[PDB]
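Protein chains in written order, with the deposited numbering: chain A, 336 to 362, 365 to 545; chain B, 335 to 545; chain E, 158 to 255, 258 to 291; chain F, 158 to 255, 258 to 290. All C-beta atoms in this analysis are idealised placements derived from N, C-alpha and C, irrespective of residue type, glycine included.
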Amino acid sequence: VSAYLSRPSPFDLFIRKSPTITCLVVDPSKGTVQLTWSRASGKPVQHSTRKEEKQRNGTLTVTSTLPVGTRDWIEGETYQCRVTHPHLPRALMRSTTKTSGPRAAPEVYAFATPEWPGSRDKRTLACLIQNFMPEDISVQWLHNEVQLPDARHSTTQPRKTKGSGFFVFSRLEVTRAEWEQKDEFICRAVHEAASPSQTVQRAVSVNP
Amino acid sequence: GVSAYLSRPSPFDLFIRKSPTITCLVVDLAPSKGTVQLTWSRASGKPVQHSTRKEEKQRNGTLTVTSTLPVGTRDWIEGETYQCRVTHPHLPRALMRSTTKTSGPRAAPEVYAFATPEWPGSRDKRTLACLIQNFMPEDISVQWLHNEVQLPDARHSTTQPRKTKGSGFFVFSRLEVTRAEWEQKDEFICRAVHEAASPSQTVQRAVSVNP
Amino acid sequence: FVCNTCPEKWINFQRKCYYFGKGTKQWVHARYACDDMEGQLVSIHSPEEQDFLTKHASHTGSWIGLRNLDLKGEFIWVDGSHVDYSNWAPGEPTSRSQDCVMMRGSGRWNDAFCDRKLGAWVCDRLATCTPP
Amino acid sequence: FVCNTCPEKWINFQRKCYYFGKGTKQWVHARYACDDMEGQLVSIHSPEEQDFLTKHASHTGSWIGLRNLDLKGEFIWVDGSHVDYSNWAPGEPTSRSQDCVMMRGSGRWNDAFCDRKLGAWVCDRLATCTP
Ligand SMILES: *[C@@H]1O[C@H](CO)[C@@H](O[C@@H]2O[C@H](CO)[C@@H](O[C@@H]3O[C@H](CO[C@H]4O[C@H](CO)[C@@H](O)[C@H](O)[C@@H]4O)[C@@H](O)[C@H](O[C@H]4O[C@H](CO)[C@@H](O)[C@H](O)[C@@H]4O)[C@@H]3O)[C@H](O)[C@H]2NC(C)=O)[C@H](O)[C@H]1NC(C)=O
Ligand SMILES: *[C@@H]1O[C@H](CO)[C@@H](O[C@@H]2O[C@H](CO)[C@@H](O[C@@H]3O[C@H](CO[C@H]4O[C@H](CO)[C@@H](O)[C@H](O)[C@@H]4O)[C@@H](O)[C@H](O[C@H]4O[C@H](CO)[C@@H](O)[C@H](O)[C@@H]4O)[C@@H]3O)[C@H](O)[C@H]2NC(C)=O)[C@H](O)[C@H]1NC(C)=O
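As structure tokens, then:
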């Protein structure tokens, strides 16, 4: 049995102004895998949403999504998670807080792939966001000034650069109907140090 | 605590260098007395070539021991299963790890190289990116070249193979380049070694800083 | 009407009331402690206010009500008011992490990480008025 | 000099001798099993040789000595010789992947995955001559 506690996305923290932290526990006998929520302060916590689903491999996955305060998270409050199970010997504890350290604004660069044989009605858009600290970043894709769904793109895990910064890559496949409607695709990046108003974006075009 | 991982050989070492090697990595989070002991055995029962044991104590206070076993080119490709038994004295169960050739459909990789423009405060240095996509299985070797000679592996960073929206896999490569590098020769080749790549397991694309 | 009446364990100065707490607490945990005592972290807007605080503040170091939303980058007090009077130390406000504000034993202001554990904090609330 | 003498449990045909093994083995494990018996996996170069094999082969399915180094792309026998004679099944050689060759009960050849576990394999070696 393993437990993981996440931090909120900079988009939910800085743009949406409604941050949420999720505690994921990957187990499955008597699945009464209780998830206790507590602050380092001892102050009460807002209502958490429990989501339990049984995977195809035969394992029970239960996620508890707790809502947190924007000012409370940014200011450095520590949120703890106690995981209990009947067959488990000792109670698992996970704690998360704001990554307090140096800051660096991200460098966004968008690219378009040329026509590949057998792939005419579809093209691939790539974007490199680099030299930012801490590792927490929100990568989004836009078309016709409106945001595209999260399932449409794939963003890499934050890896360290040769210097001090971090790097993330984003891949988005685009249909012929999309570029013919409007030949502009925006790559938005939401980051703690990004200026002005946590937004750094770059536009890209399929054959300009 | 303890964990064991058994790797497959890189397509560059398997197809180009013609000398493949499989590594068994065991991360001991609580080092103690004695030694771990890494046994090597084939599924056939045939003998194994001599393995190189490499034990290093990390800064966090954990002992990392790697056993690199040499394997046969024809033996690996044909589907031989290589097993690794790990037996610590402070362990109840013996950890067993086994690796063999990923037998399934094949797809040739699609290579696309890109160059980043000049960013304020970054003049004497630029970043080169490469997208190698739609290939199966996940095993791929990504290399960077300058002046027809290969660049060191520490100079670049290649992402873990992630599945595409279709059937293939995708990998990204990042390489930072100095002013002296593009001024001597304004051409950077991104090589990709893959099982299905044709001809002779090589698919590459050239890139230039301000052409 | 005169504003001078203040609660137990708190000290009076001008139209405000001040509490000087002792104990290991982060900037955020000091802010919650201020609210629990029906007040908020100290806000300085005059050199007279600062002079009073230096006489009662901890020689080791104390937490104040100066911070930034990260979205702004500009230092704005807990009550909401902007900075009119500045008593920063030589070099401060620093841009090392490009943070929260703490008051030294000398009285000067310096930037410090939010997770830093200090043994002192200052609370402040409006002093209750007395009938004419 | 006549070439017809062959070992115990092996069957004679032309200038070669053949062994028909029974047991669950992968293509690679069948190749090692043939080397252990001082031979190699069967190599077919004439329609006469194929006809003899069909009469003694397993009805379920048997492994043969045809494969590709993957680096090549074309099929090459274990001994090293190229394909001159080909008895492929309808639609074979299949390009489902882009692999190893097995012999059916009918005698036709079909592409199969190397990790597939078959209960039969055929070994082959040169027949010893008599004074
Ligand atoms: C049966 O199949 C299921 C999938 O269907 C497998 O479950 C997966 O298990 C892995 C490993 O336990 C899980 O990976 C972990 O995900 C954590 C969360 O990631 C996202 O969480 C939310 C999304 O809801 C986002 O807000 C967040 O930003 C993330 O994108 C990570 O935090 C974990 O990483 C931790 O460890 C790594 C080192 O390994 C550290 O570098 C990290 O810092 C961190 O501490 C981890 O990656 C995965 O999420 C599970 N999938 C699902 C769908 O739940 C089962 O494992 C599989 N069973 C078997 C036996 O294989
Ligand atoms: C103390 O610090 C050390 C580092 O100094 C940490 O050690 C690292 O631990 C991690 C996790 O155990 C190791 O990561 C694993 O690497 C395997 C191999 O990767 C490469 O191996 C060779 C390189 O020699 C290459 O041939 C090969 O192609 C790889 O590039 C992976 O196979 C592992 O992946 C498996 O597990 C993960 C989950 O952890 C799954 O998501 C995967 O699907 C897969 O099953 C894994 O990534 C890392 O290599 C160790 N570093 C070193 C230098 O040895 C200690 O963990 C740290 N201690 C603590 C307490 O944190």
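Unbroken beta strand (DSSP E) run spanning residue i, endpoints
{"i": "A540/A", "result": "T536 to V541"}
{"i": "residue 559/A", "result": "The structure shown does not extend to residue 559/A, since chain A is modelled only from 336 through 545, so no value can be given for it."}
{"i": "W410/B", "result": "Taken as a continuous stretch (DSSP letters only), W410/B belongs to no beta strand (DSSP E), being part of the alpha helix (DSSP H) at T407 to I411."}
{"i": "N161/F", "result": "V159 to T162"}
{"i": "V361/B", "result": "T355 to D362"}
{"i": "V199/F", "result": "Segment: none, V199/F is in no beta strand (DSSP E) and carries neither H nor E."}
{"i": "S219/F", "result": "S219 to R224"}
is_contact[residue i, chain E] using C-beta, thresh 7 Å
{"i": "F469/A", "result": "no"}
{"i": "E472/A", "result": "no"}
{"i": "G379/A", "result": "no"}
{"i": "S344/A", "result": "no"}
{"i": "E412/A", "result": "yes"}
Sub-7 Å separation of residue i and residue j beta-carbons
{"i": "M470/B", "j": "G500/B", "result": "no"}
{"i": "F232/E", "j": "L226/E", "result": "no"}
{"i": "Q371/A", "j": "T415/A", "result": "no"}
{"i": "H490/B", "j": "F522/B", "result": "no"}
{"i": "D236/E", "j": "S200/E", "result": "yes"}
{"i": "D270/F", "j": "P250/F", "result": "yes"}
{"i": "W220/E", "j": "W167/E", "result": "no"}
{"i": "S475/A", "j": "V527/A", "result": "yes"}
{"i": "residue 589/A", "j": "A447/A", "result": "Past the edges of chain A, shown from 336 to 545, lies residue 589/A, and the structure says nothing about it."}
{"i": "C174/F", "j": "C163/F", "result": "yes"}
{"i": "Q392/A", "j": "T398/A", "result": "yes"}
{"i": "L403/B", "j": "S385/B", "result": "yes"}
{"i": "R460/B", "j": "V511/B", "result": "yes"}
{"i": "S378/B", "j": "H186/F", "result": "yes"}
{"i": "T407/B", "j": "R342/B", "result": "no"}
{"i": "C288/F", "j": "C160/F", "result": "yes"}
{"i": "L277/F", "j": "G218/F", "result": "yes"}
{"i": "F506/A", "j": "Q467/A", "result": "no"}
{"i": "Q477/A", "j": "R539/A", "result": "no"}
{"i": "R513/A", "j": "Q255/E", "result": "no"}
Near ligand 2: residue i beta-carbon under 6 Å from a heavy atom
{"i": "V361/B", "result": "yes"}
{"i": "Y416/A", "result": "no"}
{"i": "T402/B", "result": "no"}
{"i": "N394/B", "result": "yes"}
{"i": "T398/B", "result": "yes"}
Residue i beta carbon near ligand 1 (any heavy atom closer than 6 Å)
{"i": "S341/A", "result": "yes"}
is_contact[residue i, chain B] using C-beta, thresh 7 Å
{"i": "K499/A", "result": "yes"}
{"i": "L462/A", "result": "no"}
{"i": "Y416/A", "result": "no"}
{"i": "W478/A", "result": "no"}
{"i": "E444/A", "result": "yes"}
{"i": "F504/A", "result": "yes"}
{"i": "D270/F", "result": "no"}
{"i": "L429/A", "result": "no"}
Beta-bridge pairing of residue i - partner residues as DSSP gives them
{"i": "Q255/E", "result": "According to DSSP, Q255/E bridges with nothing at all."}
{"i": "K173/F", "result": "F170/F and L285/F"}
{"i": "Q518/B", "result": "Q518/B pairs with nothing; no bridge assigned."}
{"i": "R457/B", "result": "Bridge partners of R457/B: none, in fact."}
{"i": "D270/F", "result": "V260/F"}
{"i": "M430/B", "result": "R419/B"}
{"i": "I466/B", "result": "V445/B and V505/B"}
{"i": "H490/B", "result": "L509/B"}
{"i": "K497/B", "result": "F503/B"}
{"i": "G178/F", "result": "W280/F"}
{"i": "residue 256/E", "result": "For chain E, the structure lists 255 followed at once by 258, and that leaves residue 256/E out of the model."}
CB contact below 7 Å: residue i versus chain A
{"i": "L228/E", "result": "yes"}
{"i": "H202/E", "result": "no"}
{"i": "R508/B", "result": "yes"}
{"i": "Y339/B", "result": "no"}
Endpoints, the alpha helix (DSSP H) within which residue i is located
{"i": "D193/F", "result": "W184 to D193"}
{"i": "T211/F", "result": "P204 to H213"}
Any C-beta of chain F under 7 Å from that of residue i
{"i": "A530/B", "result": "yes"}
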